Amino acid sequence: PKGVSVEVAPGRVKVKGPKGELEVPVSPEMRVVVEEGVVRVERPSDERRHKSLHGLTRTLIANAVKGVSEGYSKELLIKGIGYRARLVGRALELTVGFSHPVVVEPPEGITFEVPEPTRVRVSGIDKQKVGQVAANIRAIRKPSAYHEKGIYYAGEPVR
Amino acid sequence: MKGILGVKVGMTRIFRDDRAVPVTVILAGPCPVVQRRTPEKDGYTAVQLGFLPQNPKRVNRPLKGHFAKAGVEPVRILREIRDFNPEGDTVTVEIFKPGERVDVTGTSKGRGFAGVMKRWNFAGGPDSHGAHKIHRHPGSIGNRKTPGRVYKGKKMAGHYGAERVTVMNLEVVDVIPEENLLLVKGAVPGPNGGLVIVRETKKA
Amino acid sequence: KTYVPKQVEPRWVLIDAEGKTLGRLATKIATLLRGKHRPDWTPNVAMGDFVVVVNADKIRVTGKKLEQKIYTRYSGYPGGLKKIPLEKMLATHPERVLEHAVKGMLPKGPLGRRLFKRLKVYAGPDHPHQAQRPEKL
RNA sequence: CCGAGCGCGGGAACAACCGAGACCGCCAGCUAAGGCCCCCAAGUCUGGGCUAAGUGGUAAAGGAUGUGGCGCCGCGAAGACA
RNA sequence: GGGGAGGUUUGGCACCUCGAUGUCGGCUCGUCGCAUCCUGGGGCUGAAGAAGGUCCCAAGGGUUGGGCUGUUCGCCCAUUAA
RNA sequence: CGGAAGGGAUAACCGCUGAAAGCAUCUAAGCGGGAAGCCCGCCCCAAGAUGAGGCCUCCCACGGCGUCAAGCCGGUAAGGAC
Ligand SMILES: [Mg+2]
Ligand SMILES: [Mg+2]
Ligand SMILES: [Mg+2]
Ligand SMILES: [Mg+2]
Ligand SMILES: [Mg+2]
Ligand SMILES: [Mg+2]
Ligand SMILES: [Mg+2]
Ligand SMILES: [Mg+2]
Ligand SMILES: [Mg+2]
Ligand SMILES: [Mg+2]
Ligand SMILES: [Mg+2]
Ligand SMILES: [Mg+2]
Ligand SMILES: [Mg+2]
């Protein structure tokens with residue numbers, strides 16, 4: 001949590017950094033301690049649900065840090081002949097086996113990038129956003145389970 | 001949301017560019033605004049449109065005050081138009097350009113206490129083999145001890161027609177402002193003389 | 001012979017509703033709706049206190065209720081069993097949820113319907129600024 | 001037990017399930033079952049836990065890291081489980 | 001080989017009705033159920049595409065005309081998204 | 001000429017982030033997508049919505065009894081009826 005700027009609030013926590021500030025809805029019955037330059041959190045007891053709440057925020061707060069720190073970005077491969085993608089200003093249009101060229105809206109806080117007609121990164125500041133934005137792309141044209149086509153994260157081939 | 005009162009004058013067919021087309025002739029005379037009701041003064045936007053002229057003696061009612069409140073010739077009829085604040089003091093057939101489609105609301109013809117077969121277009125019964133009693137009857141209407149009643153809104157013979165009916169998407173044909181006339185796609189509720197309103201359709 | 005009361009001036013009341021459990025609140029509203037709280041009670045005359053509530057939307061409700069709770073509106077027509085979840089009522093007219101609560105706890109008799117009138121409800125707050133307003137919890 | 005106590009209270013309502021055997025009167029008090037937030041009389045009473053399914057508001061063989069409590073055995077700071 | 005659901009069939013009791021509760025089909029008019037024939041949505045496939053199989057969600061609407069027989073039922077004819 | 005389009009929540013279901021359970025999981029906190037269906041949207045009814053609504057406009061004084069509370073009687077106005 002170096003160089004950060006985590007500020008505690010009642011039911012939430014406002015983290016700041018080079019990328020910017022971002023809210024993160026923190027659970028109610030949790031102690032968001034601010035030890036030294038770093039940050040800690042403790043649970044009110046040792047029950048089943050409480051265990052889930054601690055570990056959850058434990059990472060969820062770690063996301064707010066990393067998000068405004070080094071930022072997030074996922075890649076996207078594209079297999080197939082005509083299958084490709086042209087970046088157009090903010091949004092990106094990509095023909096991928098459909099009569100209508102797909103126009104993809106750029107949501108706020110996110111700015112995907114096109115280093116190649118095949119590869120496509122997804123700049124962002126939140127794991128929830130970037131994670132959704134990634135699938136939103138794979139959703140347009142899932143991997144053909146009979147050969148290589150459609151978009152891919154970076155995982156193994158469907159074969 | 002365009003809107004204008006008028007009366008069904010009759011209908012015949014014209015020729016578009018080279019094909020025949022049945023068309024009804026509406027008459028949308030100058031309708032003076034009588035009262036622009038804003039959400040402030042009421043709770044919804046609209047406009048009272050007068051219509052035909054009137055013998056000032058017949059309108060001895062307080063309506064005389066309602067007419068003076070806007071300074072206008074005493075009209076015969078006046079109705080509102082939801083979500084529609086235009087301009088000037090009078091709406092005209094200029095509002096509708098040929099090609100635009102419109103909804104026309106009117107009062108269907110009164111067929112009085114019509115038979116069930118006449119009303120819901122039932123089937124009646126056999127004309128030969130069966131008894132000569134149920135030729136035009138509804139036959140059964142329900143079950144046994146259960147429910148033991150009759151479903152409300154069940155179709156049964158009774159007064160029918162002569163009610164508010166609204167045809168839709170009638171394309172506005174040639175509109176002549178030279179006489180306040182307005183052609184449409186033919187079929188239109190009401191008899192030749194009834195009061196009909198014309199509004200903007202909902203294609204999208 | 002037991003006391004025979006007479007005409008009594010309507011004692012109005014101002015009632016909050018924030019965080020208040022639906023049932024727990026309606027209970028007191030009804031018991032106070034009729035003069036059942038005052039020792040001068042008389043089921044005959046029915047002279048309950050005029051209860052006025054505010055902050056209706058604020059009403060809490062335990063566990064699966066906003067999603068689980070269902071209401072029933074049956075018209076005389078077939079299939080007219082139209083039913084609505086709790087969340088929708090709060091969207092449309094939310095004051096309804098508490099009304100159908102108190103109404104359900106009021107007596108079935110005619111005077112009970114006369115009592116339901118004594119019950120006023122909104123959410124703002126801001127009642128029709130009349131006069132009486134004895135706050136209560 | 002009803003029958004013959006379809007007289008009374010409870011059980012929503014219900015001859016025989018629970019209470020209780022009505023000579024009549026009272027604007028008296030204790031109690032029975034079952035109840036004690038409102039419609040509805042009486043504690044939103046006290047202490048201690050279990051359940052978050054509306055289970056409660058009542059269906060099985062079988063199936064499942066649902067949650068809580070007791071006992072046994074193995075590995076573990078001479079370094080365990082993943 | 002084992003456990004249920006449903007209350008459409010045959011059957012078993014004989015509890016209201018024998019000082020009467022008209023019984024098969026067809027017609028007319030329907031309404032409701034979903035365990036769905038179609039159309040709409042989805043998982044798996046021994047799913048290449050098309051087409052198909054199977055299971056899940058889903059009543060909103062739709063579910064033809066005719067030959068045989070009193071038939072319900074059923075076979076057949078022409079067609080259908082069914 | 002209509003079935004819709006379009007908005008919103010949602011079914012099975014696909015998915016993001018993510019524990020309890022260092023891994024993993026769509027789930028328990030949270031979030032997105034997704035049915036001819038659910039709510040709205042279109043057409044019709046509707047203030048007996050006794051919870052009787054709203055806006056514009058027109059008429060308005062007791063003249064004789066009621067000490068009071070509530071009434072009674074003819075002429076009337078706007079306007080209505082025959
Ligand atoms: Mg005869
Ligand atoms: Mg009959
Ligand atoms: Mg005996
Ligand atoms: Mg008894
Ligand atoms: Mg006891
Ligand atoms: Mg016997
Ligand atoms: Mg008999
Ligand atoms: Mg395929
Ligand atoms: Mg399939
Ligand atoms: Mg189903
Ligand atoms: Mg024959
Ligand atoms: Mg839809
Ligand atoms: Mg009206």
# chains A, B, ... in the order shown; residues from 1 in each chain; ligands from 1
call {"tool": "interface_residues", "arguments": {"of": "chain B", "to": "chain F", "cutoff": "10 Å", "atoms": "only C-alpha atoms (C1' of nucleotides)", "output": "ChimeraX atom specification"}}
result
/B:34-35,37,41-43,60-69,103,163-170,185-188,201-204
call {"tool": "residues_around", "arguments": {"residues": "segment 59-76 of chain D", "least_positions_apart": "3", "cutoff": "8 Å", "atoms": "only C-alpha atoms (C1' of nucleotides)", "output": "ChimeraX atom specification"}}
result
/D:50,79-80 /E:2-4
call {"tool": "residues_near_ligand", "arguments": {"ligand": "ligand 11", "cutoff": "10 Å", "atoms": "only C-alpha atoms (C1' of nucleotides) and all ligand atoms", "output": "VMD selection string"}}
result
chain E and resid 67 to 71
call {"tool": "interface_residues", "arguments": {"of": "chain A", "to": "chain F", "cutoff": "10 Å", "atoms": "only C-alpha atoms (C1' of nucleotides)", "output": "ChimeraX atom specification"}}
result
/A:25-27,47-60,63,126-136,138-139
call {"tool": "interface_residues", "arguments": {"of": "chain E", "to": "chain B", "cutoff": "8 Å", "atoms": "only C-alpha atoms (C1' of nucleotides)", "output": "PDB file with N, CA, C and O atoms (P, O5', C5', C4', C3', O3' and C1' of nucleotides), in the first residue's frame"}}
result
ATOM      1  P     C E  27     -68.704 -31.310 -32.499  1.00  0.00           P
ATOM      2  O5'   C E  27     -69.925 -30.293 -32.493  1.00  0.00           O
ATOM      3  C5'   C E  27     -70.726 -30.133 -33.653  1.00  0.00           C
ATOM      4  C4'   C E  27     -71.885 -29.206 -33.390  1.00  0.00           C
ATOM      5  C3'   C E  27     -71.522 -27.868 -32.771  1.00  0.00           C
ATOM      6  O3'   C E  27     -71.062 -26.938 -33.736  1.00  0.00           O
ATOM      7  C1'   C E  27     -73.376 -28.795 -31.631  1.00  0.00           C
ATOM      8  P     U E  28     -69.853 -25.948 -33.368  1.00  0.00           P
ATOM      9  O5'   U E  28     -70.554 -24.967 -32.332  1.00  0.00           O
ATOM     10  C5'   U E  28     -71.711 -24.242 -32.719  1.00  0.00           C
ATOM     11  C4'   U E  28     -72.352 -23.568 -31.535  1.00  0.00           C
ATOM     12  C3'   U E  28     -71.406 -22.834 -30.598  1.00  0.00           C
ATOM     13  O3'   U E  28     -71.016 -21.563 -31.087  1.00  0.00           O
ATOM     14  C1'   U E  28     -72.919 -24.136 -29.336  1.00  0.00           C
ATOM     15  P     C E  29     -69.483 -21.105 -30.964  1.00  0.00           P
ATOM     16  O5'   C E  29     -69.366 -20.776 -29.414  1.00  0.00           O
ATOM     17  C5'   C E  29     -70.214 -19.781 -28.864  1.00  0.00           C
ATOM     18  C4'   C E  29     -70.163 -19.765 -27.359  1.00  0.00           C
ATOM     19  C3'   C E  29     -68.778 -19.793 -26.732  1.00  0.00           C
ATOM     20  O3'   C E  29     -68.108 -18.545 -26.770  1.00  0.00           O
ATOM     21  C1'   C E  29     -70.148 -21.351 -25.632  1.00  0.00           C
ATOM     22  P     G E  30     -66.663 -18.478 -27.470  1.00  0.00           P
ATOM     23  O5'   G E  30     -66.017 -19.861 -27.015  1.00  0.00           O
ATOM     24  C5'   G E  30     -64.996 -19.902 -26.030  1.00  0.00           C
ATOM     25  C4'   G E  30     -65.563 -20.070 -24.643  1.00  0.00           C
ATOM     26  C3'   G E  30     -64.545 -20.129 -23.516  1.00  0.00           C
ATOM     27  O3'   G E  30     -64.102 -18.843 -23.119  1.00  0.00           O
ATOM     28  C1'   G E  30     -66.136 -21.858 -23.243  1.00  0.00           C
TER      29        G E  30
END
call {"tool": "residues_around", "arguments": {"residues": "segment 62-73 of chain C", "least_positions_apart": "5", "cutoff": "7 Å", "atoms": "only C-alpha atoms (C1' of nucleotides)", "output": "PyMOL selection string"}}
result
chain C and resi 81-87
call {"tool": "write_last_selection", "arguments": {"atoms": "N, CA, C and O atoms", "output": "tab-separated table (two decimals), in the first residue's frame"}}
result
chain	number	residue	atom	x	y	z
C	81	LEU	N	-56.40	-12.89	-10.76
C	81	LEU	CA	-55.74	-13.14	-9.48
C	81	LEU	C	-54.52	-12.25	-9.28
C	81	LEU	O	-53.77	-12.44	-8.32
C	82	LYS	N	-54.32	-11.30	-10.19
C	82	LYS	CA	-53.17	-10.40	-10.16
C	82	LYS	C	-52.51	-10.31	-8.79
C	82	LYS	O	-53.15	-9.94	-7.81
C	83	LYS	N	-51.22	-10.64	-8.73
C	83	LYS	CA	-50.48	-10.61	-7.48
C	83	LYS	C	-49.19	-9.81	-7.61
C	83	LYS	O	-48.56	-9.79	-8.67
C	84	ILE	N	-48.79	-9.16	-6.52
C	84	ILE	CA	-47.65	-8.25	-6.54
C	84	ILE	C	-46.70	-8.51	-5.37
C	84	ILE	O	-47.14	-8.68	-4.23
C	85	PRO	N	-45.39	-8.54	-5.65
C	85	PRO	CA	-44.33	-8.67	-4.64
C	85	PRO	C	-44.17	-7.38	-3.84
C	85	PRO	O	-44.66	-6.33	-4.26
C	86	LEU	N	-43.48	-7.45	-2.70
C	86	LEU	CA	-43.36	-6.30	-1.81
C	86	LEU	C	-42.58	-5.15	-2.45
C	86	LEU	O	-42.95	-3.98	-2.31
C	87	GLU	N	-41.51	-5.48	-3.16
C	87	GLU	CA	-40.65	-4.48	-3.78
C	87	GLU	C	-41.43	-3.52	-4.67
C	87	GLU	O	-41.18	-2.31	-4.68
call {"tool": "residues_near_ligand", "arguments": {"ligand": "ligand 8", "cutoff": "10 Å", "atoms": "only C-alpha atoms (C1' of nucleotides) and all ligand atoms", "output": "VMD selection string"}}
result
(chain A and resid 144) or (chain E and resid 47 to 50)
call {"tool": "decode", "arguments": {"residues": "segment 19-49 of chain A", "atoms": "C-alpha atoms", "output": "mmCIF file, in the first residue's frame"}}
result
data_model
loop_
_atom_site.group_PDB
_atom_site.id
_atom_site.type_symbol
_atom_site.label_atom_id
_atom_site.label_comp_id
_atom_site.auth_asym_id
_atom_site.auth_seq_id
_atom_site.Cartn_x
_atom_site.Cartn_y
_atom_site.Cartn_z
ATOM 1 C CA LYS A 19 -4.680 6.600 -11.339
ATOM 2 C CA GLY A 20 -7.292 8.294 -9.163
ATOM 3 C CA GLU A 21 -9.768 7.818 -6.326
ATOM 4 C CA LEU A 22 -12.277 4.957 -6.214
ATOM 5 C CA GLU A 23 -15.001 4.011 -3.742
ATOM 6 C CA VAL A 24 -15.343 0.475 -2.385
ATOM 7 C CA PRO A 25 -18.502 -0.470 -0.440
ATOM 8 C CA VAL A 26 -17.151 -1.992 2.767
ATOM 9 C CA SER A 27 -19.189 -4.349 4.945
ATOM 10 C CA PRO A 28 -20.881 -2.892 8.063
ATOM 11 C CA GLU A 29 -19.581 -5.049 10.929
ATOM 12 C CA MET A 30 -15.921 -4.764 9.910
ATOM 13 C CA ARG A 31 -13.031 -2.765 11.371
ATOM 14 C CA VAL A 32 -11.091 -0.947 8.654
ATOM 15 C CA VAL A 33 -7.896 -0.209 10.580
ATOM 16 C CA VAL A 34 -5.245 2.123 9.145
ATOM 17 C CA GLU A 35 -2.041 0.882 10.788
ATOM 18 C CA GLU A 36 0.999 2.886 9.673
ATOM 19 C CA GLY A 37 1.196 3.552 5.941
ATOM 20 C CA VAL A 38 -0.543 0.230 5.322
ATOM 21 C CA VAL A 39 -4.056 -1.033 6.084
ATOM 22 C CA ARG A 40 -5.551 -3.874 8.138
ATOM 23 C CA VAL A 41 -9.005 -5.251 8.963
ATOM 24 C CA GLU A 42 -10.427 -7.509 11.677
ATOM 25 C CA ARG A 43 -13.690 -9.395 12.206
ATOM 26 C CA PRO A 44 -16.086 -9.028 15.188
ATOM 27 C CA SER A 45 -15.906 -12.748 16.011
ATOM 28 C CA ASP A 46 -15.116 -16.162 14.549
ATOM 29 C CA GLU A 47 -18.336 -17.404 12.943
ATOM 30 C CA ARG A 48 -18.854 -19.016 9.537
ATOM 31 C CA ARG A 49 -20.311 -15.991 7.739
#
